[PDB]
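What follows is one structure encoded as structure tokens, with my remarks underneath.
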There are 6 protein chains.
Amino acid sequence: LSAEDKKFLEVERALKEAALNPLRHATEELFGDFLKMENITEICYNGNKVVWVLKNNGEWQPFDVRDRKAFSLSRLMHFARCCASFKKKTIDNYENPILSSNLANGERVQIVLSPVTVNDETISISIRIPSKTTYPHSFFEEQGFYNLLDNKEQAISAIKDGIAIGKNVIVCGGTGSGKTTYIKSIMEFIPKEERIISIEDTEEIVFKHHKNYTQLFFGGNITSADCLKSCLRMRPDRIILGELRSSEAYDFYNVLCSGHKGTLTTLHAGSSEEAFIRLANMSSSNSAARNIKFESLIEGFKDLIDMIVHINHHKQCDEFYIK
Amino acid sequence: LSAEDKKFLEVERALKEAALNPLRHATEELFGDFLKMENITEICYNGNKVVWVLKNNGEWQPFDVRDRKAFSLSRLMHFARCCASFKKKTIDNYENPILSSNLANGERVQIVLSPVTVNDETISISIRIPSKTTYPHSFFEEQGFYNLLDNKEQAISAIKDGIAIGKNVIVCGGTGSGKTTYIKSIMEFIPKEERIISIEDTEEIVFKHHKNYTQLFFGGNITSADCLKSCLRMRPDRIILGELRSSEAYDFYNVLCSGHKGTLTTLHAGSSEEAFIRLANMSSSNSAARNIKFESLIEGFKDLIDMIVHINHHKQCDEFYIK
Amino acid sequence: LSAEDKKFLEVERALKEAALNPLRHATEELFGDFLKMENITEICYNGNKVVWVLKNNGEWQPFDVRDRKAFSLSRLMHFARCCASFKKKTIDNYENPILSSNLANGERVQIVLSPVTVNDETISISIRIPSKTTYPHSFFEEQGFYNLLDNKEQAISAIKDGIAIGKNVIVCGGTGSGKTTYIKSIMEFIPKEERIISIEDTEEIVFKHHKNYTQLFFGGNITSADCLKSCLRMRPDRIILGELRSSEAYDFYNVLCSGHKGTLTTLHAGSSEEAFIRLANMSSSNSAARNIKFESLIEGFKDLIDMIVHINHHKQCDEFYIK
Amino acid sequence: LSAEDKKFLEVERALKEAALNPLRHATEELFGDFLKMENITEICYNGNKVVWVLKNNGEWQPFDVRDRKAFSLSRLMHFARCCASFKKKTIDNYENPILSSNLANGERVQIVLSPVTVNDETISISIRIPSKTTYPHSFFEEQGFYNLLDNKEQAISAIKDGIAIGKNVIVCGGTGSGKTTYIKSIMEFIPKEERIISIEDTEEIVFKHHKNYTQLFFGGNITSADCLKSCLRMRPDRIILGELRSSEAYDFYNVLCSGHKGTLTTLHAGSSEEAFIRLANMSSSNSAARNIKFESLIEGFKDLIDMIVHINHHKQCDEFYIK
Amino acid sequence: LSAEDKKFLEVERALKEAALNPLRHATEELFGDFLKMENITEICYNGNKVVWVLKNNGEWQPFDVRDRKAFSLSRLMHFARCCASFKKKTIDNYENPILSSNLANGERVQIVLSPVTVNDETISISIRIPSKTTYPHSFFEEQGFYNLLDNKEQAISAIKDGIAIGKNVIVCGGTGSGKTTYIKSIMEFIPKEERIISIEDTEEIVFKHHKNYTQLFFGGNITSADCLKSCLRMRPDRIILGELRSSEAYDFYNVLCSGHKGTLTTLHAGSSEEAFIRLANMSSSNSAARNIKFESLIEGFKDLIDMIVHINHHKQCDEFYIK
Amino acid sequence: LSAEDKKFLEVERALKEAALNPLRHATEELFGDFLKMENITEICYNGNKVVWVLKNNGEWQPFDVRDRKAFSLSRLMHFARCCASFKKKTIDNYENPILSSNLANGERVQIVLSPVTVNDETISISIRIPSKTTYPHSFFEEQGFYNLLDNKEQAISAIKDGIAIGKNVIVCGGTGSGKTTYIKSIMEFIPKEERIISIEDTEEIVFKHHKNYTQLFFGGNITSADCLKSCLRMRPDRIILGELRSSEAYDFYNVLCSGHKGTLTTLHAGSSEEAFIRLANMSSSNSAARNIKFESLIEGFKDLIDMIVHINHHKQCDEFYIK
Ligand SMILES: O=C(O)c1ccc(Oc2ccccn2)cc1
Ligand SMILES: O=C(O)c1ccc(Oc2ccccn2)cc1
Ligand SMILES: O=C(O)c1ccc(Oc2ccccn2)cc1
């Protein structure tokens, strides 16, 4: 059975392998040492023989690689080229100098080539390391995630009871504030019996507590709207989005209007009142909202969203919006 | 007479049979056992050797199928492929990894393939089982469908007297709350002499009480709007719209504005006040309302809709909106 | 003279005849008996060996035709096919399962084929019989058309004097409420010397009282707007429209703004205040009104329309709106 | 000099003559007798062997032509065909059954053919006869054109002193109320030294009083807007627009906003307050006003238009609006 | 050096000469005598053997040319044809009967041919003569340009100090009111050291007082927006526009919003409050203002424009708007 | 390592060199002497044998070049041609007489050719010289940059403490007021450990104080928006946008709404209150804000922008807006 599955998948595996293998190899060649480093949130290269690692504690560390033969334009470009092709894209010094793509295991990768870089010797690479660990919610309490709030104990209960009861909750903050990580922690409180459907650009969320679920991924020609539209034909009890980014904020808006079972998602915002604004803006970009009152969007989102958690850049909750 | 009808239809039957036969066979191969199971509302597969059946009572049951050969990728993919082709569509691992289609008897099927699913061994299938039984309205009363309401006895009369009079009534709730089932029950009260025209994505409504009627179906190239447009040229006394989903919401709006008698439909909403908002949003997506005041849509729908029943996830009426 | 007219028209007559003859024949084959029946307003078939005739008194009568060889899919399809071709259209079981067309004498016909019908044995046909008789206005009084109104005598004078003086009047109601029939009755009061131009989808209005007039018809590529635009270059004293349906409601709106000689038309509405709304909606669908205040349309229509007559489903006036 | 002008124009004259000659002949054949008739405003044919002449006094006279051979379909259709071709258009019983065109001397012609007319023996023709005479303003006073008004003497001075000063004046009424005729009369008051530019669909205005002027004409590909655009580059002192019909209404608006002196035009409206509304509607149809407040258009036109004369259907001024 | 410049330009000169030479010749043939006449502002021909010259004093003088062989359709058409081709255009009696173009030295020329003219013997030509002289501002004072104003002395100082200080000033009036001429006069007050960039359709402005400047011209495919956009990359201290006509009014609007060094321009308006309206209208026609409040444009223009000068048709300032 | 980098880049270098070498040579030929000149901000040529250098102190110096051969049309045009080609564009006397391009070292060049310039001997060239020096903020204080303000000492602290905290600050003024120069000075206050990403049309900003950073450049096909989009995927701590010009204004808006830390940019505006208006206008031009309240944009920008410095044309701060 695991036999005939291999034969059936042979042509696909071989095709996928033709890209993976060289990329895997290039990724190890350059960034092996760095990707091994523990408690890091980004690996950046700035086309000047120095690799900058952002640690979880917020400190940037540089490492000298002027000796490395792997930080040669040829070797670097090969890696770019490998990167690009893996996700069915191109990257050149003409009409495609900017690449968003991924490493073998899914980590996001931003590459920038001349003439967008200062010169033709300058290649920019940015890798976003996800949290490797799934921290339990009790750990968030113990390291004082909630300690900035007046309503600290009342909040801890809000999230636990809220989630268990199927409230619409939004975790917001800036890039690297640990929104994803926190989402993963609170899934503890969703009953084990509920059916969960996640929607992501990369695998990140884990299912330590639930047995019945399905992960959706958007990419290339498949948008997050396509995933969300699919998701609603898959009899979900919980929808976990992961990121509101663009267009889809209107679909998500219309899901709330039909009073769905318990939605959970993340967004880039600076506060509760900002969240409602980022949502209304993102939603208006969807042409299907062409005739909708922008104040009606904000008032709409205010009516439906039960709880907002905001995270400052020192990974602490500085706003716990309820109702 | 039933003779020359067969000869006339011979080419069509043969063409339809070329897809039905294999699909019928594949469906029995995989899901026969589960489709046999009584009092279920969804059959899900999560590409992990486990079949998850949602029961009427709201509990999810998993079944082990790691020994069943039918649950091999090749066999699964054949089924997927059979499914797609039956409704004149394609499903692949490139530009068509999401499918909405149907089984031989009309049950809705959602299939998702790699690279939307987490890996290339992971195939998602979701089948919505309709209610197999047509419950009499007296059964609804007895099992206390109305028992949450203050205005319980006053509502039971509102629905019976209102329907029989030709009021515009809307049943709303979440996926699986028993909207369709409830609609079918209250058709009892529409006089037996009234001509009914139904509009559906699949057969579901039944005509136990009426002799003069016609069922319409929207499919690939034919929209619900086309059906509603046709419907208003078939001298209907009652129009029954299984579901308001998208654009057609404006057409339905303009049917009400023309006075029409005895409209009856369902919708995904959380509450009465939500229903009017979901209606106004859905309507605005119709560009024929490009210049229409969104507050004028909501006030319009409020003027025209006579009754709204909302159903919570425990299959009970928690709001009976009147006038 | 009637000689050379025949020769000149020979090629056209022959071409038109190629469709008429077979359709005439098919129509007699199937519906001859029914079309003969007196005091009927619709003939429906529901693809189940039963022909349903709606009578003027509002009762649906069924007739068994399971014996008829003319209610065979082949014979039925031929008739559909004849129907379609007569009005330069197609009707199939793929991309054209819905047909709006007409019988030889103009009666509207709605045909619906699988896969919009429940199965491939099910063919839906709906024929709208016009009133065969031109009732005099005194007959409307005698059968108490106006008897529901408080202002009964004051209304009878409003319509008679109104019309004679060239007021803009609108008759509204639901399909089959006798709007057309009533229009035809009140033409009695338009002075015999006035030039009338009618605009219709089918011949229905008759000129018992006027000698100087011209009938326009919209169909296929020619819209009602084209007819109305033409109509205003034909030095009319009265414009009789017959139905406001879609786009044209704006042209009709602009005709009133130039204070025309006396307009008369019908619309599907449930009341006076509804009429103004159906008008404003229909008008906004015309792109030429893209920048027009929707409240300015309704207030515009209120300024111009002198009299609205609404007819309930028991063919009685339940609202006589003046000024 | 008149010699070499003929040789130069020889090819054009010959080409123009190929259409004129047959049309001239056909027109004389059918309508000679009626065109000879004095004090008529429309000649209509209703495809029923009767020619209906509207007289200046508002009475319709029918004439029997069932013996006239000229009123055979072949001969009628030849005339239609001649008509169409003269203005570089086609008229058929398929995609071009409506024609707007002109006779040799410019009179407007509307022709309608089957299947717009009731049957294939029915051809509609409508010819608008312009006033043949240029009545002096003193004749208008004597026959009591102003006699309905309270401010009768104060108006006669308003028109004479206002025109001579360069006010923006608008004559409005219904088709046939004598707007054109009245315009021509008041040109007496525009100083003889002023340069006048007229803009018309046909020749109608005459220059009894002015020596320095130029007439513009809009035709198939050339719009009234193009004429107005050109006009403002011909150093006009007075612009006379026979009619505001459609888009150009915005251009006329922007001429006023540039201050311009001595504008004079006509329009279809029922009253002064209607005139401002017909103007604002017509203007909004020009997409160059896509972002303009519709109440700002009406307030704009009210700020700029100095005088409005309205003419009822008994050729009398029933409103002389000032300031 | 002036040697190799000739050789380099030889091919261009020859090509330009092929059009100039014949046009120069035709222009002399027809209008030589008239173009010599001093103190004229327009030369018009009306296709009736009479040449009408508008003098500066506002009087139209006719001259008889029925004897001239140069006023022959052939000769006239040749001149039209020469005119057209000079500016890479065509002019015919079909799809190009209207021509805007220029004489050798730049004077604007409007030609109109049949069928826009009354007949095929009628050719319209309008030539706009610019002021040949650059009057000093002291001359404007002496002939009492400012004498109509209450704030006469206070105005003379406003313009002198205003301009010197770099205020945004607008000269408005009707065609031929001497807006350009007045602009040229007040350039006296712009410091000799400031860098000036002009933008025109034809050369008209002169630089008697400044040594550092550049003239831009719009024409054919190059718009005034392209010129203005260029102009802002040329390190101007003063921008002199000359005419606001259409689209560009929004660019000009955005130049003011960045608080530029001192803008000076002309517009066709009847007053200060009209100027703000013509500006807001013209600006809205620019699609880039699609979402901008029209009251926000007018209030925007009011905030930025420091001084408006309006000129009546007797070449006097009747409004000196400040602040 | 620097070895194989040369071999890898050999083809690109050679291709880039084919344009650089001639341009480098031409630039030295014409403008070498002037480019050498110290304390200049623009070098202009006005196609009249005179080179006009704008000095830092605001005085324009002319230089005679009528003897220099380099200032012949052929030589000038070669330079123009060299210029165009370097940035993959064309410049001609037909469809491309305006060029925006750059010299070898990045200085902006505007060239204008006939027929935009007054004649075919007239070539316009404008070169914007960046500040060559990176002045320390203490120099700004000493030369009294802040001395016009009431809140002088309170502002010096506002900029130093605000920057170091991550406030969103905007420097605005007119072309040449020293916005760029001032930005570079205050970068001193951004902590040395912060990762900076710059976005520019040319290199100008320098990194005297920071080790971890990456410069982005927008060019023909690559927009500033693309750079900003990329930037937000490179884990920036500070984003420095040399200039807000057009569409990207909305993207910048949505960066602020996501909370982001330490944004820093420049803009052309006259004052703080102008800045918010230029921002809201620029933003609205982005169609992604099609449905956004323009007063909501201005109120949005006011909520997010923490500090605004305005610089008058005498290189001094005349407005230090806070909160
Ligand atoms: O006859 C039926 O309806 C039926 C359905 C399902 C079924 O599934 C299971 C059960 C346990 C483990 C695995 N599969 C067995 C039998
Ligand atoms: O000479 C004319 O002007 C003339 C016009 C019309 C006319 O038409 C008639 C009259 C009656 C019956 C039939 N045709 C006869 C003569
Ligand atoms: O060495 C330099 O920097 C230099 C620059 C410019 C220059 O230009 C002049 C001066 C006067 C007349 C003409 N050209 C001469 C020398």
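A note on labels: chains of the structure tokens are A, B, ... as shown, every chain counts residues from 1, and ligands are counted from 1 in their shown order.
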Name the residues of stretch 165-202 of chain E that come out as strand (DSSP E) in a backbone DSSP run; write them as a ChimeraX atom specification. /E:169-173,196-200
List the spatial neighbours of residue A:243 as number ranges by chain - criterion: any atom at most 7 Å away, only C-alpha atoms, same-chain residues fewer than 3 positions off excluded. A: 265-267
Contacts from chain F to chain A, 10 Å maximum, only C-alpha atoms: show me the residue list as number ranges by chain. F: 1-9, 12-13, 193-195, 199-203, 211-222, 226-227, 229-237, 254-261, 287-293, 296, 300
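Taking only C-alpha atoms and all ligand atoms into account, ligand 2 has within 7 Å the residues residues 33, 34, 36, 37, 63, 64 and 65 of chain D.
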Interatomic distance, atom CA of residue D:24 to atom CA of residue D:86 (Å, one decimal):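 Atom-to-atom, atom CA of residue D:24 and atom CA of residue D:86 are spaced 10.3 Å apart.
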To one decimal in Å, tell me the separation between atom 12 (C, counted along the ligand's line) of ligand 3 and atom CA of residue F:49.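 One can read the atom 12 (C, counted along the ligand's line) of ligand 3 to atom CA of residue F:49 distance as 10.4 Å.
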Please provide as a list in words all residues within 9 Å of residue F:209, with the sequence filter that same-chain residues fewer than 4 positions apart are discarded (counting only C-alpha atoms). residues 187, 188, 189, 190, 191 and 192 of chain F
Which neighbours of stretch 165-168 of chain A fall inside 7 Å, counting only C-alpha atoms, when residues of the same chain fewer than 4 positions from it are skipped, and could you give them as a list in words?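 Listing them by chain and then by number gives residues 161, 261, 262, 263, 264, 305, 306 and 307 of chain A.
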Atom CA of residue D:147 and atom CA of residue D:319, how far apart in Å?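 It comes out at 10.8 Å.
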Under the rule that only C-alpha atoms are counted, which of A:159, A:206, A:40, A:91 is the nearest residue to residue A:186?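 Once distances to residue A:186 are computed over only C-alpha atoms, the minimum belongs to A:159.
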